[PDB]
Amino acid sequence: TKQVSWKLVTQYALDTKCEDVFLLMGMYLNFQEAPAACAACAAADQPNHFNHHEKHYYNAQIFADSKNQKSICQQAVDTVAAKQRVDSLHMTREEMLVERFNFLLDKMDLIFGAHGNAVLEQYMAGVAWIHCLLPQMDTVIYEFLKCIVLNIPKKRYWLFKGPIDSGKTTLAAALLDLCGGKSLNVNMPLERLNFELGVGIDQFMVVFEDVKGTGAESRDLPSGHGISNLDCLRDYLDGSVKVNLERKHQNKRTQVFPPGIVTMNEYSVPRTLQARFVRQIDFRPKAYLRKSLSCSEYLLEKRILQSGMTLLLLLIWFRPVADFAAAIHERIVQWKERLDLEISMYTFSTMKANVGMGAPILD
Amino acid sequence: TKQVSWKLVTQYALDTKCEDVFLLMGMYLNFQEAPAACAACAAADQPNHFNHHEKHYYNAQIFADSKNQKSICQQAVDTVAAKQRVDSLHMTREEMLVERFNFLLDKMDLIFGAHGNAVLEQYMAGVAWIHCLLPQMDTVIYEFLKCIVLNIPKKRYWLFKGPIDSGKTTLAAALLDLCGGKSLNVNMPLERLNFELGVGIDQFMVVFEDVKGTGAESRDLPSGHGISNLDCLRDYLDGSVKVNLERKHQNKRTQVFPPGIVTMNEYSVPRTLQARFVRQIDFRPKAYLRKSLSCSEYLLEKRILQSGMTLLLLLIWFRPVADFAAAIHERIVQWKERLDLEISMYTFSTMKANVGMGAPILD
Amino acid sequence: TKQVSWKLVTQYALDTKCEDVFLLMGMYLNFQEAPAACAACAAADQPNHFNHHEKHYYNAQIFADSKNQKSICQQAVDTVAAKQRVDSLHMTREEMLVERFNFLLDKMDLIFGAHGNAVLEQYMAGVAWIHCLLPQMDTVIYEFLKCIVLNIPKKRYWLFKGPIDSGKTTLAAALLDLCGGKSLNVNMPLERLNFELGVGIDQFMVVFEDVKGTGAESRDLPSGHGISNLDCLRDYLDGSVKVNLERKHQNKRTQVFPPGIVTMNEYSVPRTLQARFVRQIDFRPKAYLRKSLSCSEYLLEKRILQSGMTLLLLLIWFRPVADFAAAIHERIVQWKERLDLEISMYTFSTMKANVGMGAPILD
Amino acid sequence: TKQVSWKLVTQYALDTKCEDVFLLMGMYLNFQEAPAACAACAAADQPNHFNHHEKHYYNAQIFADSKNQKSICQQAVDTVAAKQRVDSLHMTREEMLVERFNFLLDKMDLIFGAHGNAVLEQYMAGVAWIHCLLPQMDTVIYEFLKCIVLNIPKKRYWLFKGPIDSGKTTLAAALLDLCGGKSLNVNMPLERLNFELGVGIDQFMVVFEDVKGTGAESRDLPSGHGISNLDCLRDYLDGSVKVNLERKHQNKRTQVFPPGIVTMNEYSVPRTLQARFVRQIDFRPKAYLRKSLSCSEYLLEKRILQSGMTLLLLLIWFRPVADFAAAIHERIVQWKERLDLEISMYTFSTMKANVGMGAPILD
Amino acid sequence: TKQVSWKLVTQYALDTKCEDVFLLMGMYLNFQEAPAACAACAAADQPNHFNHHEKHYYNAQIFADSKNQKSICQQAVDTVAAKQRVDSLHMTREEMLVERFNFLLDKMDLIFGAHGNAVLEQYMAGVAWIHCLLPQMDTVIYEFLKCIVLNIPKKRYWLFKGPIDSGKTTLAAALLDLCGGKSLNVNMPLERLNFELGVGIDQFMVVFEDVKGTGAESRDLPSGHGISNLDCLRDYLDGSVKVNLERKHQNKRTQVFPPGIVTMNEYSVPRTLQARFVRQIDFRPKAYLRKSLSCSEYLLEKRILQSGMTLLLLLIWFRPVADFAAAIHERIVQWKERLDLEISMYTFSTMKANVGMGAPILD
Ligand SMILES: CC(=O)Nc1ccc(Oc2ccccc2-c2nc3ccncc3s2)cc1
Ligand SMILES: CC(=O)Nc1ccc(Oc2ccccc2-c2nc3ccncc3s2)cc1
Ligand SMILES: CC(=O)Nc1ccc(Oc2ccccc2-c2nc3ccncc3s2)cc1
Ligand SMILES: CC(=O)Nc1ccc(Oc2ccccc2-c2nc3ccncc3s2)cc1
Ligand SMILES: CC(=O)Nc1ccc(Oc2ccccc2-c2nc3ccncc3s2)cc1
Ligand SMILES: [Zn+2]
Ligand SMILES: [Zn+2]
Ligand SMILES: [Zn+2]
Ligand SMILES: [Zn+2]
Ligand SMILES: [Zn+2]
């Protein structure tokens, strides 16, 4: 009887950085149809479909006949988890960001390509908006990446502080998507905290999203455990010593907890937790930024401002090829040519001027 | 020894969107009897029975002899879950609603057909009642579907507010059945909340049914955690960032939480949770609507007002073929001809007039 | 069909003291590429890669074709756990430290070698800083190792007491890395404590890191259960009787709980818990040590002061070959020659003088 | 393919009373090396190594090639648990103590033998110290063994009451090691108590170590649930009726809970819990006993006073061969000859005199 | 390869009413030794050993070579549980007591036989003591058995009320051993109660041992939840309706909860819980009964008063052969002849007279 290559399914999971057994089962099954009569092949909607369709077609047909599909996908997903463990100990944090970048560029190459649906001019309007959020933004993003890559103890966490609709969440999300990693909710009590901090295992960075303090009901701020919990998580935030992180059906992982961001409202920060942050960026709602967005509907509809591709487009536009690792230089040059065709320094400056007047960014 | 095609059982589960292992085992076993001497074949009661009976008959006989029935059905149900994961990432939300629509029309074609038991005139009396519940109802339902399909962050949740027996529950249920998805109970404390929000995994939409607030015992309103919890679930309701949803024996899923509805009584909405809703629809008990229903017993007995087929019948009656995706145009035309035979604009208007006088809708 | 040697995978896990199934899967898979065309082979970055690449290459290719990779690695990791159990009962605590030392020297030989990236002069600047932290430091570290190796009941725990940024954490971490073992958090309540103390199973030593007391909010010290819990854990700290330690999916282990350190701020120690510690070392922030470090950035960036290799480099520099077990004498002599080439007693004394003036240690 | 004898691995586990799967895996693997070139064979350090090395050598080599090591050891450990169940119902409590004695004598024969490291004169100095702790000590130990062996309901528990460093813990530990069994912590609340009392399953005796009462903070005594819990555990302490004891992944065992000791500080004992103890021994710190020990460092360093071998050495020295079961008479005579060579009634009396003056026991 | 008869191991478990997998493994393994050279065969200590040794000897040797012993014993123990389920629904409660009786008589035949160790005259002294505890005792025990066998709703529970050392526990234990069944602890809160009441599954009777009430600290009575809980367990105690009982890894069993006894101190019984008991027996400490026992040491030492064999010996002595089911008449006659040889109505009456004077029962 015909036998499926577990090695080939693993290769596909490795190529797509697949961490989901059900999505792998689903993705691998869609390869069983003939590429000459396939709808998703000729339409070129997924890169993980037409490029791999030929390589996995025969194996996918065999797979469609397996009595043991879930096990095949479990070992593939486990090999992907096994790759990340080796990487976290033998890969330099620079090579870790190049990987993330190459991943974001594949998704970029797809959607802006002659078989994609996204509009590049709209993403560049996102870059305009983002570049208006803070002064020296392209340098603020570059200083963040240096900080996260270098991972220097006690100089690893940035604090984003401000009211709702100030840009703190959007930028933290954008950077989280830029570097790769997870967002964490430390508002739960110390008891259930342990399984939450375990989500941090093998992550390149974390965002402690919307951390809450107490005695701020008078400022219309809700109470939560987040601020006090963060004072107790000194070892995690400082990253001088390794910590024992827990998650279900697994021996508790030991590692230096990841660096990243903490976001919160205008709560008073305890003296001890304040010294844990190397930098603090204060965000305030600017009327021109909100009206601009209200006029540039596509930015919300397409989730452009929360996109890591948007911050990558920003770096490609503002920074020369030398500011990127040698491993993606040819990919940077290609994106630089493409962006040049769509926008210029004069038109970009006009987009920023349109943000400043709170008018639709694109005329 | 004779071997069962796991691939054929999976095909049947895929055809029927089967998420239940026990119902799949049961359904597949009933196919083992001869279609020439079968009772359920000639009676034509289930579409998932006579249309598939021929295709699965021999395999069902083999299946009846298997020592491993539950495993066969586990992989079939897993492949269905795997399809939804791929769909949630590679299918447009428009194609997701066309699927739901095609599903509802199969159930419609069955029950109103020459082997069904439901009375079409009674469903059209349901449409009358529903079309009386709010002005421009056919447009209110159409604006909801646009909102849910487009899934624009911060403009994704509608609030249905009113006392008991006002129509808010009925309509939320009707729309929930129209789009497909799950209802959620956030009245439990933050601790047990996490497994509840996980029910939202791969769902096209959610309904936070009967959300309770505090300090309303004086208005004869019971206390619950629902309102405060919803303020803390800002990330979920806004859908700008992806969230980590949990459920049993599964790695915590990351996705933009689904859009939908929140239903509640006349509790004061905190300023912060009020801005999370794009639209708020106020429902008030109308005496003519309750008496009408008291006179039109069939509507409760057959659960017509909570039916998504009822809202689909409404759209088919009020909207031209062009307001529907091209993929169901032939199916719309057929239903339009069928409805024409049973009702007219003059008789429909009379049904609405009968609702307005609180008389039985059908004379 | 080709069969993988489970015995060879176990041998590799045993060689590398591997306790992680996912890292073992990952490490063993990277051996499948040709050593003549391999990138990690010629670069000589991991010792667990090029030295074992030849021995495990063919088996790794077979392993890449296995339908049962996780099970193979489970038995390998279990055999490593089984080795530690036999060792904890049949190995002298002196042989246990020689093993830890040989492990640290392999990592040392790697990073300072002609294919490593670490700078030896920078580690020796770490030794300078550490040797300034307390008087007779080389003797304080040697008295700690005697204490931990001899494991005399009631004379097994040292207390490191002082404010934040005093050196207590750094040194406890450094010694914990020197001896091998785990850090424990006893700040959680007595209920969840049991699974925490189980982390101590087969450990050569433990560090109860940052133990908190009550009624110290007035000294800007946060409350925690740690101090009271430690009074109740008399049996564990005294080590006269064996204790029943618990962890998931395992029969509760019975053994004399490990010795080690307790770190805490300037909380009042209850009379009963004070007598449990043979020695108490008071740490105070010295301005010259902090400025020195602020000037010697490499120490934080490379985590030199928390390194057990740093304390081993210290012992190799200060102590003659006779102060080490006979089993590592040839390894001590080699490191002594290497250190001599880079630094002298005159230049070391200058480094200490630079610490004392709070200037960058290396000129 | 070569097949491992599961029966031979079980025989080894049975011989060594092995209750640990990981230690069995480890122990059985060390037998695979050639006994003619083995280091642990010629050194004669473990009796479970050289005596069994020949018998298990070939099977251990086969075992080293097994793909199913953990299962083999699970059945071996289960057979050992199965032996204890049969023994607890078909073995007389006298035969149960002879087994414990034979076990202690094997460990004794090993360490004092021409390939052991322990010094017999030092253990006899331990006997001196212990024989000074209470008058008629050799008779106090003998009355305890009668009490535990006979297991007469309501006359089964002895209470050891006194301050810290009084000898109560040491003696309870010594007797617990003499009889075999487990120590229990009943200071946890009634909720978590059930899994703690389950540790008592098949145990020959138990020690409720350091039981705490309330309203004693004024005497510098910490509060705990232990005293009240013990009043509620009337059925367990009385042993007239069988009790349902619980532990993980097992059907709740029914048996007469084991007899033993309760240790506690100078807390007031409730009238009802006082009648549950047949005997109460009051321990007070004697300055001469503490100074003696401070002068006889070897006693702590080697854990001689907590050793059951120490109490066995005591009985062998004080009691004639007739006071022991006929099954160990030849073993008693041999130890009597050996002890005679090292010590005399005159020199023993001098050791006791040295304890009484608080001087080092050995001159 | 030689195959073990799972059917034969099941037959042995069925014969011995074995509910323990570990004891079955142990018992079945001891049959592998030659019966001609076996020690336990010729000594005739266990009936489950020499009578079955011949029948299971060859299978036990095969079993000693099995790689799957625990599974074999799991199916045997499951078949025993399966027998009890069929019995509980198809066996009359009279046949259920005959089974219990035949079981007790096998243990009786063994211990009093020419290869047993128990003294019959001592058990008859137990009968004397028990027959003194309450007037018309032989009739009080017979009325209890009628009550439990007939199992008439609302007339199923007897209340044993009195202080400690009054006889209530002893008699409840004696009757519990007479009928077969389990003792339950309802002093835990309603939350953990559900798994406790599940112990009642397939049980012929239950004893709610030492039920505690509140507001009795003034009478030197400890507080517990037991009394209030019992008011809430109306359905269980009344046995008119079936109840859903829960236990681990099993679908919640539905049945009429078993009848039995409730024991408690002199707490006030709430009016509602008082009507749930058909009979209430008041026990008071009698000085003559305690002194008698103090003089008849063998009764405690051998646990004669808590023995169901003791109550069976009582019925055999007091009641004619006709008061027993026809199925055990030959067994009753044999015991009647045996008892006649050891004791007479005149000597029994003297034993009762010795109890009444508080003197040792046997002269
Ligand atoms: C109907 C409705 O809810 N409308 C709505 C539309 C846009 C809104 O803004 C945002 C939404 C998402 C992400 C970022 C922002 C902003 N960032 C900044 C940054 C700085 N100064 C202002 C803003 S707003 C808020 C609400
Ligand atoms: C005996 C009994 O319980 N009778 C009963 C019968 C009908 C009732 O109404 C409803 C029941 C289900 C769904 C919707 C409604 C209503 N929707 C509106 C909408 C607007 N103004 C009024 C209503 S009623 C209530 C109670
Ligand atoms: C921006 C920022 O956070 N800077 C920073 C830089 C260095 C700091 O110090 C330390 C950091 C890690 C480990 C040890 C120390 C010290 N040990 C002693 C020991 C004795 N007297 C002083 C010290 S400091 C603190 C903070
Ligand atoms: C530095 C340090 O902690 N020293 C130390 C050294 C010895 C100590 O004693 C003991 C230690 C273990 C076991 C027993 C004892 C005693 N038993 C009795 C029995 C009767 N009267 C006195 C004692 S002491 C206490 C402390
Ligand atoms: C040293 C010690 O603890 N001695 C001891 C010895 C015997 C004791 O009694 C009993 C023990 C077990 C079972 C029953 C009884 C009694 N039943 C009745 C029944 C009626 N009036 C009196 C009694 S006593 C109590 C304590
Ligand atoms: Zn394709
Ligand atoms: Zn049919
Ligand atoms: Zn290599
Ligand atoms: Zn050997
Ligand atoms: Zn026998």
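Both ligands and their constituent atoms are indexed starting at 1 by order of listing. The analysis underlying the following values was restricted to heavy atoms, covering all of them including side chains, and did not include hydrogens, waters or symmetry mates. Throughout, a chain's letter reflects where its sequence line sits, starting with A, and its residues are numbered from 1.
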query = What atoms of ligand 2 come closer than 4.0 angstrom to any heavy atom of B:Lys286?
reply = 20 (C), 21 (N), 22 (C)

query = Does ligand 1 have an atom that lies less than 4.0 angstrom from a heavy atom of A:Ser166?
reply = yes

query = At under 4.0 Å between heavy atoms, which part of B:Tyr288 makes contact with ligand 2: side chain, backbone, both or neither?
reply = neither

request  = Check salt bridge (charged side-chain N to carboxylate O under 4.0 Å, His left out) between B:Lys286 and all other residues, then give those that pass, not counting sequence neighbours.
outcome  = none

note = Contact region, A:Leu300 to ligand 1, non-hydrogen atoms below 4.0 Å, reads side chain

inquiry  = Working note: E:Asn59 + E:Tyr28, criterion side chain to side chain donor-acceptor pair (under 3.5 Å); need CA distance, chi angles, decisive distance, verdict.
reply    = CA-CA 9 Å; E:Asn59 200 49; E:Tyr28 218 82; 2.8 Å; yes

request  = Could you see which bit of B:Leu293 sits under 4.0 Å from ligand 2, with heavy atoms only: side chain, backbone, both or neither?
outcome  = side chain

task = Using only heavy-atom distances, determine whether the side chains of B:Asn244 and B:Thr254 contain a donor-acceptor pair under 3.5 Å.
result = yes

Side chain to side chain, A:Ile164 and B:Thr272, heavy atoms closer than 4.5 Å = no

message = Just to be sure I'm reading this right: ignoring hydrogens, which of B:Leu133, B:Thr169, B:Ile130, B:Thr170 gets closest to atom 13 (C) of ligand 2? Compare them by their nearest heavy atoms.
response = B:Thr170

note = Numbered in order shown, the ligand 1 atoms found under 4.0 Å of a heavy atom of B:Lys155 are 1 (C), 2 (C), 4 (N), 5 (C), 6 (C)

query = Does an N or O anywhere in A:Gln306 fall below 3.5 Å from an N or O of ligand 1?
reply = no

Sequence neighbours excluded and cut-off under 3.5 Å, please list the side-chain donor-acceptor pairs for residues 32-43 of chain E, or say none.
none

ask   = Is any side-chain N of the basic residue among E:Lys55 and E:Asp15 closer than 4.0 Å to the acidic one's carboxylate O?
value = no

request  = Spell out, as yes or no, whether a donor-acceptor pair under 3.5 Å connects the side chain of B:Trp158 to the backbone of B:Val278.
outcome  = no

inquiry  = Quick check against the 3.5 Å criterion: does E:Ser5 have a side-chain atom that pairs as donor or acceptor with the backbone of E:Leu8?
reply    = yes

task = Please state whether A:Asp165 comes within less than 4.0 angstrom of ligand 1, counting heavy atoms only.
result = yes

query = Side chains of B:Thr139 and B:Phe318: does their closest heavy-atom pair fall under 4.5 Å?
reply = no

request  = Taking 2.8 Å as the upper limit, name the protein N, O or S atoms near the Zn ion (ligand 10).
outcome  = E:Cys41 SG, E:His49 NE2, E:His53 ND1

ask   = Is the closest heavy atom of A:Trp129 to ligand 1 under 4.0 Å?
value = yes

task = Inspect the contact between B:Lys161 and B:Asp282 and indicate whether a charged nitrogen and a carboxylate oxygen are less than 4.0 angstrom apart.
result = no

request  = Would you list the pairs meeting salt bridge (charged side-chain N to carboxylate O under 4.0 Å, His left out) in which at least one residue belongs to residues 136-149 of chain B, sequence neighbours left out?
outcome  = B:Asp138-B:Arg319, B:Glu143-B:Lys146

task = Run the numbers on A:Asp165 and B:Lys154 for salt bridge (charged side-chain N to carboxylate O under 4.0 Å, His left out), then give the verdict.
result = CA-CA 11 Å; A:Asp165 303 320; B:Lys154 302 206 133 80; 3.3 Å; yes

task = Please state which part of B:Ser294 comes within less than 4.0 Å of ligand 2, counting heavy atoms only: side chain, backbone, both or neither.
result = neither

key: Atoms of ligand 2, numbered as shown, that sit under 4.0 Å from any heavy atom of B:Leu289   = 20 (C), 21 (N)

